[PDB]
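Chemist: Below: one structure in structure tokens.
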Protein chains: 2
Amino acid sequence: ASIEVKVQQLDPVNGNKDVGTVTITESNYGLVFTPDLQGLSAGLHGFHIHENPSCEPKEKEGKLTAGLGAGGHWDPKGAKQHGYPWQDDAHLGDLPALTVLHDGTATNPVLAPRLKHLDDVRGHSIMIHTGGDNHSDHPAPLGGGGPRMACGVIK
Amino acid sequence: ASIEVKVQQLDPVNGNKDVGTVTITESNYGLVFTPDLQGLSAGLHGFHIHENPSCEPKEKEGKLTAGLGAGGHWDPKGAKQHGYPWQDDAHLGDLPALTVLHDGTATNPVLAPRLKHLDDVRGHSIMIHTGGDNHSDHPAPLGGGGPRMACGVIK
Ligand SMILES: [Cu+]
Ligand SMILES: [Cu+]
Ligand SMILES: [Cu+]
Ligand SMILES: [Zn+2]
Ligand SMILES: [Zn+2]
């Protein structure tokens, strides 16, 4: 059983760019997110499920802003704070951070132990941020993820 | 509760170098390994518990070889194959790979869902390899980790 999610680098001016997939599978310990990506900025990047099945940009403060259509971190249990993948009182969408290798590719899978069934993440989006993720809202909100670099809709 | 493991970059010629710690804690989903490391080569590195509570080098083919005193991947259930952190018929010491950031530091924690109690990993060693970890013995043995870059003894 798997879900293949098509991911794009987001660029409301010059055009979104295909960068590959993230394939979601079930393990005995929770959902596994296996990237097969290329063309992304190298680094450790915040990686979360967001609430809406959208990667569209939205206007904010006069600027068409990448990925805001996805809404916020998926938080169906109302934890109302950002945390660790293994933290029960954190947003359910908080995944382990995504490692983009030096050359822009990403293949290292990560486990979300609080997500147990594929159908639970359908109708949401997966987001890759420009910044990292310290799994806290301190000192920066939402782990320091900042802007939205790439995204896919989980169908 | 936690175990603080001192980690050194291994160099049998010029001398080992202190590179920080890995702190092991218990979560409701298994053991969490939180690095606070510096001075390591940037990249995604294989990260495993090895059998012996040793990081000493050993002679092989006329060469004092870094970290061989630790022995092989910890495999108390006798899986006899390298695999994923969430794979029950893989070596129990198979952890998620460790992300060393571009500047040589490492702070991103990783979860080992098959490890449940701190006492279970006492008396072993934790190893950071020069290569990565594709979580298979194909195409390269032991995930492609290759040589032993840094190590600590879990006590
Ligand atoms: Cu996010
Ligand atoms: Cu299921
Ligand atoms: Cu190893
Ligand atoms: Zn969050
Ligand atoms: Zn192994």
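By convention in this document, the chains of the structure tokens carry letters A, B, ... by their order, each chain's residues are numbered from 1, and ligands are numbered from 1 in the order they are shown.
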Please check which protein, DNA or RNA residues sit within 8 Å of ligand 4, counting only C-alpha atoms and all ligand atoms, and write them as a PyMOL selection string.
Modeler: chain A and resi 48+73-75+81-83+90-94+135+142-143
Chemist: For those residues, write C-alpha atoms to a file as an mmCIF file, in the first residue's frame.
Modeler:
```cif
data_model
loop_
_atom_site.group_PDB
_atom_site.id
_atom_site.type_symbol
_atom_site.label_atom_id
_atom_site.label_comp_id
_atom_site.auth_asym_id
_atom_site.auth_seq_id
_atom_site.Cartn_x
_atom_site.Cartn_y
_atom_site.Cartn_z
ATOM 1 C CA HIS A 48 5.117 18.939 7.591
ATOM 2 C CA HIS A 73 0.237 22.792 10.133
ATOM 3 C CA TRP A 74 -2.306 19.943 10.154
ATOM 4 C CA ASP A 75 -3.597 19.866 13.755
ATOM 5 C CA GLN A 81 1.767 24.049 19.164
ATOM 6 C CA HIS A 82 4.604 22.838 17.014
ATOM 7 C CA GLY A 83 6.806 19.995 18.250
ATOM 8 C CA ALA A 90 2.292 18.594 18.920
ATOM 9 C CA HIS A 91 0.582 19.165 15.572
ATOM 10 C CA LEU A 92 -0.143 15.782 14.075
ATOM 11 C CA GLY A 93 1.421 17.019 10.840
ATOM 12 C CA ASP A 94 4.865 17.519 12.381
ATOM 13 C CA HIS A 135 10.570 21.173 16.705
ATOM 14 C CA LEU A 142 6.899 26.636 13.609
ATOM 15 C CA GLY A 143 10.408 25.382 14.096
#
```
Chemist: Find the residues in chain B near chain A: any atom within 10 Å counts, using only C-alpha atoms. Write them as a ChimeraX atom specification.
Modeler: /B:27-32,42-44,84-88,96-102,107-114,132-135
Chemist: If you take only C-alpha atoms and all ligand atoms and a cut-off of 9 Å, which residues of chain A touch ligand 2, and what are their nearest atom pairs and distances in Å to one decimal, in chain and number order, as a tab-separated table?
Modeler:
```
residue	atom	partner	partner_atom_place_in_ligand_line	distance
A:26	CA	ligand 2	1 (Cu)	7.3
A:116	CA	ligand 2	1 (Cu)	6.4
A:117	CA	ligand 2	1 (Cu)	4.0
A:118	CA	ligand 2	1 (Cu)	6.4
A:119	CA	ligand 2	1 (Cu)	7.5
A:120	CA	ligand 2	1 (Cu)	8.7
```
Chemist: Do you have the CA of residue 128 (chain A)-CA of residue 78 (chain A) distance handy?
Modeler: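 About the pair CA of residue 128 (chain A) and CA of residue 78 (chain A): they are 22.0 Å apart.
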Chemist: List all protein, DNA and RNA residues that have an atom no more than 7 Å from any atom of ligand 1, counting only C-alpha atoms and all ligand atoms, and report them as a list in words.
Modeler: residues 46, 47, 48, 49, 50, 73, 127, 128, 129 and 145 of chain A
Chemist: For the selection just defined, write its residues with C-alpha atoms to a file, as a PDB file, in the first residue's frame.
Modeler:
```pdb
ATOM      1  CA  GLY A  46      11.209  21.601   7.724  1.00  0.00           C
ATOM      2  CA  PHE A  47       8.753  18.985   6.527  1.00  0.00           C
ATOM      3  CA  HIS A  48       5.117  18.939   7.591  1.00  0.00           C
ATOM      4  CA  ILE A  49       1.609  17.997   6.626  1.00  0.00           C
ATOM      5  CA  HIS A  50      -0.476  21.094   6.151  1.00  0.00           C
ATOM      6  CA  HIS A  73       0.237  22.792  10.133  1.00  0.00           C
ATOM      7  CA  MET A 127       5.246  21.010   2.653  1.00  0.00           C
ATOM      8  CA  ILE A 128       9.016  21.447   2.415  1.00  0.00           C
ATOM      9  CA  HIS A 129      10.218  24.719   3.942  1.00  0.00           C
ATOM     10  CA  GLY A 145      10.675  26.678   8.800  1.00  0.00           C
TER      11      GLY A 145
END
```
Chemist: Output as a list in words all residues of chain B that backbone DSSP marks as alpha helix (DSSP H).
Modeler: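 Of chain B, the ones in alpha helix (DSSP H) are residues 118, 119, 120 and 121 of chain B.
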Chemist: What does the distance from CA of residue 65 (chain B) to CA of residue 89 (chain B) come to in Å, to one decimal?
Modeler: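 Pair CA of residue 65 (chain B) / CA of residue 89 (chain B) returns 29.2 Å.
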Chemist: Using only C-alpha atoms and all ligand atoms, which of the listed residues (B:123, B:72, B:67, B:57) sits closest to ligand 5?
Modeler: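 Answer, going by the shortest atom-to-atom distance: B:72.
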Chemist: Between CA of residue 1 (chain B) and atom 1 (Zn, counted along the ligand's line) of ligand 5, measure the distance and give it in Å to one decimal.
Modeler: 26.1 Å
Chemist: Can you pull out every residue within 10 Å of residue 152 (chain A), counting only C-alpha atoms, but drop anything in the same chain fewer than 4 positions away, and send it as a ChimeraX atom specification?
Modeler: /A:4-10,20-22,49-50,53-56,67,70,124-128
Chemist: Please dump the current selection as a PDB file, in the first residue's frame; keep N, CA, C and O atoms.
Modeler:
```pdb
ATOM      1  N   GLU A   4       1.710   7.944  -3.850  1.00  0.00           N
ATOM      2  CA  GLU A   4       2.768   8.701  -4.519  1.00  0.00           C
ATOM      3  C   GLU A   4       2.329  10.155  -4.639  1.00  0.00           C
ATOM      4  O   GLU A   4       1.319  10.475  -5.272  1.00  0.00           O
ATOM      5  N   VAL A   5       3.082  11.054  -4.017  1.00  0.00           N
ATOM      6  CA  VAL A   5       2.733  12.468  -4.037  1.00  0.00           C
ATOM      7  C   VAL A   5       3.703  13.192  -4.949  1.00  0.00           C
ATOM      8  O   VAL A   5       4.926  13.114  -4.766  1.00  0.00           O
ATOM      9  N   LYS A   6       3.136  13.891  -5.929  1.00  0.00           N
ATOM     10  CA  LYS A   6       3.907  14.712  -6.855  1.00  0.00           C
ATOM     11  C   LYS A   6       4.306  16.019  -6.151  1.00  0.00           C
ATOM     12  O   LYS A   6       3.411  16.676  -5.601  1.00  0.00           O
ATOM     13  N   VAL A   7       5.586  16.363  -6.173  1.00  0.00           N
ATOM     14  CA  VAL A   7       6.050  17.581  -5.491  1.00  0.00           C
ATOM     15  C   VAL A   7       6.620  18.555  -6.509  1.00  0.00           C
ATOM     16  O   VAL A   7       7.302  18.172  -7.448  1.00  0.00           O
ATOM     17  N   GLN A   8       6.280  19.833  -6.285  1.00  0.00           N
ATOM     18  CA  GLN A   8       6.809  20.924  -7.051  1.00  0.00           C
ATOM     19  C   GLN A   8       7.506  21.957  -6.154  1.00  0.00           C
ATOM     20  O   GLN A   8       7.044  22.279  -5.054  1.00  0.00           O
ATOM     21  N   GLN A   9       8.615  22.471  -6.679  1.00  0.00           N
ATOM     22  CA  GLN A   9       9.187  23.722  -6.154  1.00  0.00           C
ATOM     23  C   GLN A   9       8.261  24.851  -6.540  1.00  0.00           C
ATOM     24  O   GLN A   9       7.828  25.001  -7.683  1.00  0.00           O
ATOM     25  N   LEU A  10       7.968  25.724  -5.603  1.00  0.00           N
ATOM     26  CA  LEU A  10       6.966  26.750  -5.764  1.00  0.00           C
ATOM     27  C   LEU A  10       7.566  28.065  -6.192  1.00  0.00           C
ATOM     28  O   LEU A  10       8.436  28.607  -5.544  1.00  0.00           O
ATOM     29  N   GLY A  20       9.953  15.925  -8.344  1.00  0.00           N
ATOM     30  CA  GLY A  20       9.913  14.498  -7.987  1.00  0.00           C
ATOM     31  C   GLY A  20       8.748  14.150  -7.125  1.00  0.00           C
ATOM     32  O   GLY A  20       7.707  14.819  -7.169  1.00  0.00           O
ATOM     33  N   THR A  21       8.946  13.110  -6.317  1.00  0.00           N
ATOM     34  CA  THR A  21       7.845  12.561  -5.517  1.00  0.00           C
ATOM     35  C   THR A  21       8.239  12.342  -4.054  1.00  0.00           C
ATOM     36  O   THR A  21       9.432  12.240  -3.732  1.00  0.00           O
ATOM     37  N   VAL A  22       7.225  12.216  -3.224  1.00  0.00           N
ATOM     38  CA  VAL A  22       7.354  11.614  -1.912  1.00  0.00           C
ATOM     39  C   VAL A  22       6.330  10.486  -1.876  1.00  0.00           C
ATOM     40  O   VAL A  22       5.156  10.695  -2.138  1.00  0.00           O
ATOM     41  N   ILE A  49       2.926  18.021   7.250  1.00  0.00           N
ATOM     42  CA  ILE A  49       1.609  17.997   6.626  1.00  0.00           C
ATOM     43  C   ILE A  49       0.863  19.270   6.975  1.00  0.00           C
ATOM     44  O   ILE A  49       0.784  19.614   8.152  1.00  0.00           O
ATOM     45  N   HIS A  50       0.359  19.910   5.911  1.00  0.00           N
ATOM     46  CA  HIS A  50      -0.476  21.094   6.151  1.00  0.00           C
ATOM     47  C   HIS A  50      -1.934  20.779   5.905  1.00  0.00           C
ATOM     48  O   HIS A  50      -2.292  19.781   5.323  1.00  0.00           O
ATOM     49  N   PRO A  53      -5.695  20.562   1.026  1.00  0.00           N
ATOM     50  CA  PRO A  53      -5.134  19.857  -0.151  1.00  0.00           C
ATOM     51  C   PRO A  53      -4.898  20.824  -1.298  1.00  0.00           C
ATOM     52  O   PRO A  53      -5.489  20.759  -2.381  1.00  0.00           O
ATOM     53  N   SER A  54      -3.996  21.769  -0.994  1.00  0.00           N
ATOM     54  CA  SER A  54      -3.636  22.846  -1.904  1.00  0.00           C
ATOM     55  C   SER A  54      -2.175  23.260  -1.732  1.00  0.00           C
ATOM     56  O   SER A  54      -1.732  23.291  -0.599  1.00  0.00           O
ATOM     57  N   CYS A  55      -1.504  23.570  -2.828  1.00  0.00           N
ATOM     58  CA  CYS A  55      -0.180  24.133  -2.820  1.00  0.00           C
ATOM     59  C   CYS A  55      -0.225  25.509  -3.496  1.00  0.00           C
ATOM     60  O   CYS A  55       0.815  26.064  -3.815  1.00  0.00           O
ATOM     61  N   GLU A  56      -1.409  26.066  -3.720  1.00  0.00           N
ATOM     62  CA  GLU A  56      -1.554  27.304  -4.464  1.00  0.00           C
ATOM     63  C   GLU A  56      -1.003  28.455  -3.634  1.00  0.00           C
ATOM     64  O   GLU A  56      -1.006  28.414  -2.396  1.00  0.00           O
ATOM     65  N   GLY A  67       2.702  28.896  -1.636  1.00  0.00           N
ATOM     66  CA  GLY A  67       2.178  27.812  -0.805  1.00  0.00           C
ATOM     67  C   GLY A  67       1.195  28.180   0.279  1.00  0.00           C
ATOM     68  O   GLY A  67       0.800  27.270   1.021  1.00  0.00           O
ATOM     69  N   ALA A  70      -2.116  26.139   1.230  1.00  0.00           N
ATOM     70  CA  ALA A  70      -2.081  24.932   2.035  1.00  0.00           C
ATOM     71  C   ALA A  70      -2.550  25.151   3.463  1.00  0.00           C
ATOM     72  O   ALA A  70      -2.767  24.197   4.215  1.00  0.00           O
ATOM     73  N   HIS A 124      -4.822  16.297   2.301  1.00  0.00           N
ATOM     74  CA  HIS A 124      -3.990  17.307   2.968  1.00  0.00           C
ATOM     75  C   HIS A 124      -2.843  17.612   2.011  1.00  0.00           C
ATOM     76  O   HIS A 124      -2.860  17.218   0.853  1.00  0.00           O
ATOM     77  N   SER A 125      -1.835  18.351   2.452  1.00  0.00           N
ATOM     78  CA  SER A 125      -0.667  18.689   1.637  1.00  0.00           C
ATOM     79  C   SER A 125       0.596  18.390   2.423  1.00  0.00           C
ATOM     80  O   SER A 125       0.552  18.318   3.651  1.00  0.00           O
ATOM     81  N   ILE A 126       1.684  18.169   1.715  1.00  0.00           N
ATOM     82  CA  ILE A 126       2.994  17.988   2.320  1.00  0.00           C
ATOM     83  C   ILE A 126       3.855  19.179   1.863  1.00  0.00           C
ATOM     84  O   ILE A 126       3.882  19.522   0.685  1.00  0.00           O
ATOM     85  N   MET A 127       4.494  19.775   2.834  1.00  0.00           N
ATOM     86  CA  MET A 127       5.246  21.010   2.653  1.00  0.00           C
ATOM     87  C   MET A 127       6.720  20.834   3.020  1.00  0.00           C
ATOM     88  O   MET A 127       7.027  20.244   4.048  1.00  0.00           O
ATOM     89  N   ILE A 128       7.579  21.386   2.169  1.00  0.00           N
ATOM     90  CA  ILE A 128       9.016  21.447   2.415  1.00  0.00           C
ATOM     91  C   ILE A 128       9.391  22.929   2.536  1.00  0.00           C
ATOM     92  O   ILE A 128       9.081  23.691   1.602  1.00  0.00           O
TER      93      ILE A 128
END
```
Chemist: Find the residue from B:105, B:52, B:2, B:14 that sits nearest to ligand 3; use only C-alpha atoms and all ligand atoms when measuring.
Modeler: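 Smallest separation from ligand 3 among the options: B:52.
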